[PDB]
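With ideal geometry, Cβ positions are generated from the backbone for all residues, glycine too; neighbour counts draw on all protein chains shown. Read-outs: derived from the displayed coordinates by stated rules, not from any lab.
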Amino acid sequence: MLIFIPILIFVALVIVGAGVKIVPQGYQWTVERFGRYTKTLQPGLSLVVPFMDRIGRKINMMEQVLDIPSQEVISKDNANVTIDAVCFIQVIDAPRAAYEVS
Amino acid sequence: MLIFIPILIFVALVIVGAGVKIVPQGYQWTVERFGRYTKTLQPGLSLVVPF
Amino acid sequence: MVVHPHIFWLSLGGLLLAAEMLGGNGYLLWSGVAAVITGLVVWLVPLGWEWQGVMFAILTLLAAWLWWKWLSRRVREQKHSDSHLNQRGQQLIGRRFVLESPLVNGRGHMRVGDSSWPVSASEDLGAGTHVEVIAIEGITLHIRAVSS
Amino acid sequence: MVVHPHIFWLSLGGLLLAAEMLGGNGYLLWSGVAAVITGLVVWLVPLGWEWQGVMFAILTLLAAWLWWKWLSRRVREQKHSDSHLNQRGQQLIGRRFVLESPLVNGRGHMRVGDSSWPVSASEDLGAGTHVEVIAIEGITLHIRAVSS
């Protein structure tokens, strides 16, 4: 009546705001149901029942360049040299990269 | 009556607050019954009888 | 100012649809569409003021709900360019390769591109056999011998 | 202001359901739902003011109670992705390996991945036998011989 209507509008806005997820290209998301992992979201539109599901973590899915700091190594000829190295890392679509290591 | 109702609301809030446990992914919790270890909680919703 | 109820709705709907185009995430769409429909319903049918907000909220919920089924029906069995775009593990399925080192105990490594990948097979396979990938587990590739 | 009892409940329920979406842990849900149901009961049925709080508290308790059974029924015999996700000891069950060093006194070490794990078996097993894991105790793996 007098005070119900603004509350109803606000409730509708909040539920739609927190129940609709859009995932960009080059990423995947994870859905936690009260904490437990249940499923993963690919890029697109996704509806998750609110107040029970939330977003776990954001997983990049593109090759990444990763420096390795300077390092001192001894060769087989007993030669002391210093090197630096670079790495490429890619995450296979598994959710493991979020929950199997910190 | 006059003073029971607010106390009842507060009691309900406290019991629900301290009896419902949610465990994140990548962790496990342990439940102690007056001090003794009884069981372990995996990630999810868990009800433990409070106090 | 207030004698006309539908004007408020048909203004708010347009304003929210316009606010979309500022760089939104599609959150405001689901309410603007509902506001437009609420205006087109109230203007034709004089619903009660306490019966307006309920219909507007329900219309927002259904506005958000219907396109999910529309889009999801569209995605499956029809679109596959993005499905094969950004998942490598499914890309390698079905490809054929050759082996340079024999598998011991049904496990080893195989050269792909310029790098190597771990492979596992049901039986020990010698060096120089044509193999084809079937499934992927973790990062390990299941391979089986295939005739040329 | 106070002549309408159901309005208070149907406002508090909505406000708590909204307070959820600020980043809560689900604590406030169980009372907001009860408040909404209390409003929908008082509005239809004029219960006594001293008979409102009791029903609201009992409704909070049952609101928290029912979903536990719903979710727990859902989890068992239906969902296993998270069950096999973050427990390694159960992952190794059923896998097959080979031995490089003979077991002495029914105990030894076995190579898995790039590391080693302690193993125990009922009888002494020589080097080069196919073995399969059965159970796990502490970090020790029970193995038994299996034919190829």
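Go through the range A:48-87 and give me each residue that's free of Cβ contacts under 8 Å to residues at least 40 places away in the same chain, within 14 Å of chain D (Cβ to nearest Cβ) and either outside any strand (DSSP E or B) or among the basic types (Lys, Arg) (or both).
In the first step, residues of the range A:48-87 are kept if they are free of Cβ contacts under 8 Å to residues at least 40 places away in the same chain; the result is A:48-55, A:58-87.
The next check asks that each one be within 14 Å of chain D (Cβ to nearest Cβ); those that pass are A:48-55.
Those that are free of Cβ contacts under 8 Å to residues at least 40 places away in the same chain, within 14 Å of chain D (Cβ to nearest Cβ) and either outside any strand (DSSP E or B) or among the basic types (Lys, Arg) (or both): A:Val48, A:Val49, A:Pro50, A:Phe51, A:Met52, A:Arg54.
Are any of the residues in the range D:3-14 within 30 Å of B:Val23 (Cβ to Cβ) and within 26 Å of the chain's Cα centre (by Cα)?
No, every residue in the range D:3-14 fails to be within 30 Å of B:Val23 (Cβ to Cβ) and within 26 Å of the chain's Cα centre (by Cα).
Before we move on, is A:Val101 under 16 Å from the mean Cα position of the chain (by Cα), outside any strand (DSSP E or B) and within 11 Å of chain C (Cβ to nearest Cβ)?
Criteria not met by A:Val101.
Here's a check for you: in the range A:88-102, which residue that is surrounded by 10 or more Cβ atoms within 10 Å (Cβ to Cβ) and without any contact (Cβ under 8 Å) to a residue 24 or more places away in the chain is farthest from A:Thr40 (Cα to Cα)?
Checked the range A:88-102; the qualifying residue farthest from A:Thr40 (Cα to Cα) is A:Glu100.
Hey, can you tell me all the residues within the range A:12-44 that are under 20 Å from C:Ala63 (Cα atoms) and either more than 9 Å from chain C (Cβ to nearest Cβ) or in a helix (DSSP H, G or I) (or both)?
A:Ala12, A:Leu13, A:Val14, A:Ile15, A:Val16, A:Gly17, A:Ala18, A:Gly19, A:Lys21, A:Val23
Anything in the range C:1-32 that is touching a strand residue (DSSP E or B) at 6+ places or on another chain (Cβ under 8 Å) and farther than 18 Å from A:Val11 by Cα? List them, or say none.
Answer for the range C:1-32, where residues must be touching a strand residue (DSSP E or B) at 6+ places or on another chain (Cβ under 8 Å) and farther than 18 Å from A:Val11 by Cα: just C:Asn25.
Checking the condition in a helix (DSSP H, G or I) and β-branched (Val, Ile, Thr), which residue from D:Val42, D:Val3 passes? Spell out the reasoning first.
On the way: D:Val3 fails: in a helix (DSSP H, G or I).
Residue meeting the stated conditions: D:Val42.
Can you tell me how many residues within the range C:33-71 are surrounded by fewer than 20 Cβ atoms within 10 Å (Cβ to Cβ) and of a type in the set (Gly, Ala, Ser)?
Number satisfying all stated conditions: 3.
Each row is one residue, and each column tells you yes or no for (1) exposed (fewer than 11 other Cβ atoms within 10 Å of the Cβ); (2) touching a residue at least 24 places away in the same chain (Cβ under 8 Å); (3) touching a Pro at 6+ places or on another chain (Cβ under 9 Å).
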{"site": "D:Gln91", "(1), (2), (3)": "no, no, no"}
{"site": "D:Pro102", "(1), (2), (3)": "no, yes, no"}
{"site": "D:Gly108", "(1), (2), (3)": "no, no, yes"}
{"site": "D:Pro118", "(1), (2), (3)": "no, no, no"}
{"site": "D:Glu137", "(1), (2), (3)": "yes, no, no"}
{"site": "D:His142", "(1), (2), (3)": "no, no, no"}
{"site": "D:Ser147", "(1), (2), (3)": "yes, no, no"}
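Checking the condition within 21 Å of A:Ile7 (Cα to Cα) and among the aliphatic types (A, V, I, L, M), which residue from C:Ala18, C:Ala35 passes?
None of the other options fit; the residue is C:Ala35.
Residues of the range C:120-135 being in contact with a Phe, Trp or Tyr (Cβ under 9 Å, 6 or more places away or on another chain) and free of Cβ contacts under 8 Å to residues at least 40 places away in the same chain, which ones?
Selection gives C:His130, C:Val131, C:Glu132.
When D:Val131 is evaluated against the numbered criteria (1) among the β-branched types (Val, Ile, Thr); (2) under 20 Å from D:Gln87 (Cα atoms); (3) surrounded by 15 or more Cβ atoms within 10 Å (Cβ to Cβ), which criterion, by number, is the only one it fails?
All conditions pass for D:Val131, except number (2).
Considering only residues that are within 13 Å of chain B (Cβ to nearest Cβ) and of a type in the set (S, T, N, Q), look in the range D:1-32 and name the one that is surrounded by the fewest Cβ atoms within 10 Å (Cβ to Cβ).
Here the answer is D:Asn25.
Sort out which residues of the range C:58-108 are in a loop (DSSP other than H, G, I, E, B) and hydroxyl-bearing (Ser, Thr, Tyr), and write them in order of number. I'd like the intermediate steps shown before the answer.
Within the range C:58-108, the first condition is being in a loop (DSSP other than H, G, I, E, B), and the residues that meet it are C:76-87, C:92-95, C:99-106.
The answer is C:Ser81, C:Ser83, C:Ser101.
Report yes if D:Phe97 is touching a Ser or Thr at 6+ places or on another chain (Cβ under 7 Å) and within 11 Å of another protein chain (Cβ to nearest Cβ), otherwise no.
The answer is no for D:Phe97.
Of all residues being more than 30 Å from A:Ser102 (Cβ to Cβ) and under 12 Å from the mean Cα position of the chain (by Cα) in the range B:20-51, which is surrounded by the most Cβ atoms within 10 Å (Cβ to Cβ)? Just the residue, please.
The extreme case among them is B:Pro50.
In this structure, does C:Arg74 turn out to be of a type in the set (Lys, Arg), within 22 Å of the chain's Cα centre (by Cα) and either within 11 Å of another protein chain (Cβ to nearest Cβ) or within 22 Å of A:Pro95 (Cβ to Cβ) (or both)?
Answer is yes for this residue.
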